[PDB]
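So this block is model05.cif, mmCIF, C-alpha atoms:
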data_coords
loop_
_atom_site.label_atom_id
_atom_site.label_comp_id
_atom_site.auth_asym_id
_atom_site.auth_seq_id
_atom_site.Cartn_x
_atom_site.Cartn_y
_atom_site.Cartn_z
CA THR Y 52 -20.53 -1.02 -18.41
CA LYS Y 53 -22.58 2.02 -17.50
CA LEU Y 54 -20.74 4.44 -19.81
CA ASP Y 55 -22.45 7.71 -18.79
CA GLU Y 56 -25.75 6.27 -17.54
CA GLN Y 57 -26.29 3.79 -20.35
CA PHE Y 58 -25.60 0.11 -20.80
CA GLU Y 59 -23.55 -0.26 -23.95
CA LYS Y 60 -22.37 -3.87 -24.19
CA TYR Y 61 -19.00 -5.12 -25.33
CA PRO Y 62 -18.82 -6.23 -28.98
CA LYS Y 63 -18.62 -10.01 -29.21
CA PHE Y 64 -17.53 -11.16 -32.65
CA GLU Y 65 -17.51 -14.86 -33.48
CA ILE Y 66 -15.19 -16.44 -36.05
CA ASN Y 67 -15.81 -20.19 -35.98
CA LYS Y 68 -12.61 -22.04 -36.88
CA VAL Y 69 -12.97 -25.31 -34.94
CA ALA Y 70 -15.68 -26.89 -37.10
CA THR Y 71 -13.70 -27.55 -40.30
CA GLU Y 72 -11.86 -30.63 -39.05
CA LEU Y 73 -15.06 -31.95 -37.49
CA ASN Y 74 -16.81 -31.63 -40.85
CA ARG Y 75 -13.90 -33.45 -42.48
CA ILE Y 76 -14.25 -36.33 -40.02
CA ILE Y 77 -18.01 -36.57 -40.53
CA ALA Y 78 -17.62 -36.57 -44.31
CA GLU Y 79 -15.06 -39.36 -43.96
CA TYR Y 80 -17.69 -41.60 -42.37
CA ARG Y 81 -20.58 -40.59 -44.61
CA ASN Y 82 -18.43 -41.61 -47.57
CA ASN Y 83 -17.85 -45.13 -46.20
CA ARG Y 84 -20.71 -46.19 -43.96
CA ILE Y 85 -19.98 -49.83 -42.83
CA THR Y 86 -22.53 -52.27 -41.35
CA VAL Y 87 -22.88 -55.79 -39.90
CA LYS Y 88 -21.51 -58.81 -41.78
CA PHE Y 89 -22.30 -62.23 -40.18
CA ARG Y 90 -19.32 -64.27 -41.35
CA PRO Y 91 -19.84 -68.04 -41.77
CA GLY Y 92 -18.12 -70.93 -40.03
CA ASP Y 93 -16.72 -74.38 -40.83
CA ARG Y 94 -19.83 -76.51 -41.26
CA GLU Y 95 -21.92 -78.11 -43.97
CA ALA Y 96 -24.75 -75.56 -43.90
CA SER Y 97 -23.31 -72.41 -42.31
CA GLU Y 98 -22.97 -70.68 -45.70
CA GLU Y 99 -26.71 -70.60 -46.37
CA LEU Y 100 -27.33 -69.69 -42.74
CA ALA Y 101 -25.07 -66.64 -43.00
CA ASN Y 102 -26.64 -65.63 -46.32
CA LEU R 5 -3.72 13.75 25.34
CA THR R 6 -7.09 14.78 23.93
CA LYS R 7 -6.33 17.55 21.49
CA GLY R 8 -8.32 20.79 21.57
CA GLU R 9 -8.69 23.10 18.61
CA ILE R 10 -6.58 25.76 20.36
CA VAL R 11 -3.41 23.69 20.81
CA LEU R 12 -3.09 23.77 17.03
CA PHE R 13 -3.28 27.55 17.10
CA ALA R 14 -0.69 27.81 19.80
CA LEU R 15 1.52 25.79 17.46
CA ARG R 16 1.04 28.18 14.54
CA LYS R 17 1.29 31.36 16.57
CA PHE R 18 4.53 30.48 18.32
CA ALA R 19 6.04 28.64 15.35
CA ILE R 20 6.49 32.03 13.65
CA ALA R 21 7.08 34.19 16.77
CA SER R 22 3.78 35.73 17.82
CA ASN R 23 2.84 33.78 20.97
CA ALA R 24 5.89 32.50 22.84
CA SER R 25 6.43 35.40 25.25
CA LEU R 26 4.49 38.27 23.65
CA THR R 27 0.81 39.17 23.83
CA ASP R 28 -1.75 36.71 22.49
CA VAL R 29 -2.44 38.98 19.50
CA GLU R 30 -5.80 39.85 21.14
CA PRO R 31 -8.63 37.28 21.31
CA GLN R 32 -9.78 38.44 17.86
CA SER R 33 -6.90 36.72 16.08
CA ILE R 34 -7.97 33.46 17.73
CA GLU R 35 -11.54 33.57 16.40
CA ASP R 36 -10.35 34.58 12.94
CA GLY R 37 -7.91 31.70 12.95
CA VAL R 38 -10.43 29.13 14.18
CA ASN R 39 -12.76 30.06 11.35
CA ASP R 40 -9.78 29.65 9.02
CA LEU R 41 -9.09 26.17 10.41
CA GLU R 42 -12.73 25.13 10.00
CA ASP R 43 -12.84 26.29 6.38
CA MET R 44 -9.50 24.66 5.59
CA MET R 45 -10.75 21.33 6.96
CA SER R 46 -13.91 21.70 4.89
CA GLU R 47 -11.74 22.16 1.80
CA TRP R 48 -9.48 19.25 2.78
CA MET R 49 -12.54 17.04 2.64
CA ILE R 50 -11.81 16.90 -1.13
CA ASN R 51 -8.16 16.65 -2.09
CA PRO R 52 -6.31 14.90 0.78
CA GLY R 53 -9.56 13.21 1.81
CA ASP R 54 -11.18 12.78 5.18
CA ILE R 55 -8.89 12.42 8.20
CA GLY R 56 -11.39 12.35 11.07
CA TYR R 57 -11.94 16.03 11.84
CA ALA R 58 -15.01 16.87 13.93
CA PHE R 59 -17.14 19.75 12.68
CA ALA R 60 -19.52 22.04 14.52
CA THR R 61 -23.17 21.00 14.77
CA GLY R 62 -25.65 23.56 13.46
CA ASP R 63 -24.59 26.44 15.70
CA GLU R 64 -21.77 28.82 14.84
CA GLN R 65 -18.67 29.50 16.92
CA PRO R 66 -16.59 26.31 16.71
CA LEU R 67 -14.74 27.68 19.80
CA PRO R 68 -11.10 26.99 20.72
CA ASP R 69 -11.94 24.57 23.55
CA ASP R 70 -13.66 21.98 21.36
CA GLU R 71 -12.01 18.65 20.65
CA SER R 72 -10.67 18.46 17.11
CA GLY R 73 -10.88 14.68 16.84
CA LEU R 74 -7.53 14.37 15.12
CA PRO R 75 -4.81 11.90 16.08
CA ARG R 76 -1.68 13.43 17.53
CA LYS R 77 0.29 12.17 14.51
CA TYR R 78 -1.25 14.83 12.24
CA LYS R 79 -0.80 18.01 14.25
CA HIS R 80 2.50 19.12 12.72
CA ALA R 81 1.15 18.73 9.19
CA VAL R 82 -2.10 20.54 9.96
CA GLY R 83 -0.26 23.27 11.84
CA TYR R 84 2.24 23.97 9.11
CA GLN R 85 -0.48 24.14 6.46
CA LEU R 86 -2.56 26.54 8.52
CA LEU R 87 0.47 28.72 9.30
CA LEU R 88 1.12 28.96 5.57
CA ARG R 89 -2.48 30.05 5.06
CA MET R 90 -2.55 32.64 7.87
CA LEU R 91 0.87 34.26 7.33
CA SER R 92 -0.49 36.93 4.99
CA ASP R 93 -2.84 38.38 7.62
CA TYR R 94 0.16 39.94 9.36
CA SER R 95 1.96 40.75 6.09
CA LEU R 96 4.78 38.26 6.51
CA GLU R 97 6.60 35.90 4.18
CA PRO R 98 7.79 32.36 4.93
CA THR R 99 11.44 31.45 5.07
CA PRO R 100 12.78 28.43 3.14
CA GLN R 101 13.21 26.24 6.22
CA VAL R 102 9.56 26.70 7.18
CA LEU R 103 8.56 25.65 3.66
CA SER R 104 10.78 22.58 3.88
CA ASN R 105 9.26 21.57 7.22
CA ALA R 106 5.74 22.05 5.88
CA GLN R 107 6.47 19.88 2.86
CA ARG R 108 8.04 17.15 5.01
CA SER R 109 5.00 17.03 7.29
CA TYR R 110 2.55 17.04 4.38
CA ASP R 111 4.37 14.14 2.74
CA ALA R 112 4.25 12.19 6.00
CA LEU R 113 0.50 12.83 6.21
CA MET R 114 -0.17 11.71 2.65
CA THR R 115 1.95 8.56 3.01
CA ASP R 116 -0.54 7.35 5.63
CA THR R 117 -3.49 7.61 3.24
CA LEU R 118 -2.61 5.91 -0.09
CA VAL R 119 -4.90 3.27 -1.57
CA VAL R 120 -3.50 2.33 -5.02
CA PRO R 121 -6.87 1.03 -6.21
CA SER R 122 -5.75 -1.98 -8.32
CA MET R 123 -7.55 -3.09 -11.49
CA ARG R 124 -9.96 -5.99 -11.98
CA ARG R 125 -10.70 -8.27 -14.90
CA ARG R 126 -13.01 -6.92 -17.55
CA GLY R 127 -16.07 -9.14 -17.57
CA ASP R 128 -15.80 -10.52 -21.08
CA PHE R 129 -12.46 -12.10 -20.18
CA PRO R 130 -12.65 -15.91 -20.17
CA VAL R 131 -11.60 -17.94 -17.17
CA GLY R 132 -9.61 -20.96 -18.24
CA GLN R 133 -10.59 -24.60 -18.19
CA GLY R 134 -8.05 -25.15 -15.43
CA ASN R 135 -10.35 -23.40 -12.96
CA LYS R 136 -13.04 -26.07 -13.51
CA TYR R 137 -15.97 -23.71 -13.95
CA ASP R 138 -18.39 -26.63 -14.11
CA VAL R 139 -18.33 -28.20 -10.65
CA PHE R 140 -16.05 -26.25 -8.30
CA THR R 141 -17.07 -22.72 -9.24
CA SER R 142 -19.72 -21.33 -11.56
CA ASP R 143 -19.92 -18.56 -14.14
CA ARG R 144 -17.12 -18.99 -16.60
CA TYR R 145 -15.95 -15.49 -17.59
CA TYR R 146 -15.08 -13.08 -14.79
CA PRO R 147 -17.85 -11.01 -13.18
CA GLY R 148 -15.76 -7.83 -13.26
CA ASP R 149 -18.39 -5.67 -11.61
CA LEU R 150 -20.06 -6.10 -8.20
#
This structure in structure tokens:
Amino acid sequence: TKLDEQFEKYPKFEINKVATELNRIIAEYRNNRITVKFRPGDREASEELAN
Amino acid sequence: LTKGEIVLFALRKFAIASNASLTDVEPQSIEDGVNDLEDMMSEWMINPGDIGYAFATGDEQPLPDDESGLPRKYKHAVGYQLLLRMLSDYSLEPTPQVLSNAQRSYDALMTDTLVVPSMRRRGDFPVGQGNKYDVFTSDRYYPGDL
């Protein structure tokens, strides 16, 4: 507001409290990363193929 | 129906027994009064606010035959106030019933002028997600200014 011919602005404090659970979730994945597997089948040579 | 600036003075002068069937207090008391009415309107331009009075233009002598520009609903209030202001010229004192009438009329006048401004949101106040500030409107947070 003007406040006697000035432009003082409202104080806007920021206390970030929504990031803790997000960090917990991200740490959960970075601990156990998981990737592709390529399971074999029922055949004479599928084992070596999967390897 | 158009309301001159002298009808008001008739109302004062015969509301306290100086005009009804006696002399018109000489033409001097009319000019003195009309100046009083002009100055009282000028003052009223502050506290009660504007009510539509028409002032003189450059020249002096507002004159009793000029149109006041007031609605007929305000004449009792204006008259009682100006009687209260002029009573001391003739060294008189008002009676309680006159004071009660003046207060009644003044209250009626001020009832017809209220605004009750009403407050607006601050400007750092959020507007909720239910208002859909993305697509329907814009500018999350109220403007609170304009």
- Message: If I take atom CA of residue 36 of chain R and atom CA of residue 102 of chain R, how far is one from the other in Å, to one decimal?
- Response: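 One can read the atom CA of residue 36 of chain R to atom CA of residue 102 of chain R distance as 22.2 Å.
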Proximity of chain R to chain Y: per-residue shortest pair, 12 Å limit, only C-alpha atoms, as CSV:
residue,atom,partner,partner_atom,distance
R:126,CA,Y:52,CA,9.6
R:127,CA,Y:61,CA,9.2
R:128,CA,Y:61,CA,7.6
R:129,CA,Y:61,CA,10.9
R:147,CA,Y:52,CA,11.6
R:148,CA,Y:52,CA,9.8
R:149,CA,Y:52,CA,8.5
R:150,CA,Y:52,CA,11.4
Open item on the list: Could you list, as a VMD selection string, every residue matched by the PyMOL selection byres ((chain R and resi 62-64) around 12) in this structure?
Closed with: chain R and resid 35 38 to 39 42 59 to 61 65 to 67
Selection export as a PDB file, in the coordinates of the input, atoms kept: C-alpha atoms:
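What ended up in again05.pdb:
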ATOM      1  CA  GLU R  35     -11.540  33.570  16.400  1.00  0.00           C
ATOM      2  CA  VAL R  38     -10.430  29.130  14.180  1.00  0.00           C
ATOM      3  CA  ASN R  39     -12.760  30.060  11.350  1.00  0.00           C
ATOM      4  CA  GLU R  42     -12.730  25.130  10.000  1.00  0.00           C
ATOM      5  CA  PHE R  59     -17.140  19.750  12.680  1.00  0.00           C
ATOM      6  CA  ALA R  60     -19.520  22.040  14.520  1.00  0.00           C
ATOM      7  CA  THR R  61     -23.170  21.000  14.770  1.00  0.00           C
ATOM      8  CA  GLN R  65     -18.670  29.500  16.920  1.00  0.00           C
ATOM      9  CA  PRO R  66     -16.590  26.310  16.710  1.00  0.00           C
ATOM     10  CA  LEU R  67     -14.740  27.680  19.800  1.00  0.00           C
TER      11      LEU R  67
END
Show me, as JSON, the centre and edge lengths in Å to one decimal of the axis-aligned box that covers every listed atom of segment 47-52 of chain R with 4 Å on each side.
{"center_x": -9.4, "center_y": 18.5, "center_z": 0.3, "size_x": 14.2, "size_y": 15.3, "size_z": 12.9}
Which of these, R:11, R:45, R:82, R:19, has the shortest distance to residue 58 of chain R once you count all atoms listed in the file?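 Among R:11, R:45, R:82, R:19, it is R:45 that comes nearest to residue 58 of chain R.
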- Query: What is the atom CA of residue 102 of chain Y-atom CA of residue 82 of chain Y distance in Å, reported with one decimal?
  - Reply: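 Interatomic distance, atom CA of residue 102 of chain Y to atom CA of residue 82 of chain Y: 25.4 Å.
Note that atom CA of residue 92 of chain R and atom CA of residue 56 of chain R are 27.6 Å apart.
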query = Which residues come within 10 Å of segment 93-99 of chain R, counting only C-alpha atoms, excluding same-chain residues fewer than 4 positions away, as a PyMOL selection string?
reply = chain R and resi 20+33+36-37+87-89+103-104
(Q) Give me, as a PyMOL selection string, all polymer residues having an atom no more than 8 Å from residue 69 of chain R, counting only C-alpha atoms and skipping those fewer than 6 positions away in the same chain. (A) chain R and resi 8-10
Residue members of the PyMOL selection byres ((chain R and resi 105-108) around 9) in the file shown, as a VMD selection string
chain R and resid 80 to 85 88 100 to 104 109 to 113
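If only C-alpha atoms are the atoms counted, then among R:47, R:13, R:131, R:118 the closest residue to residue 86 of chain R is R:13.
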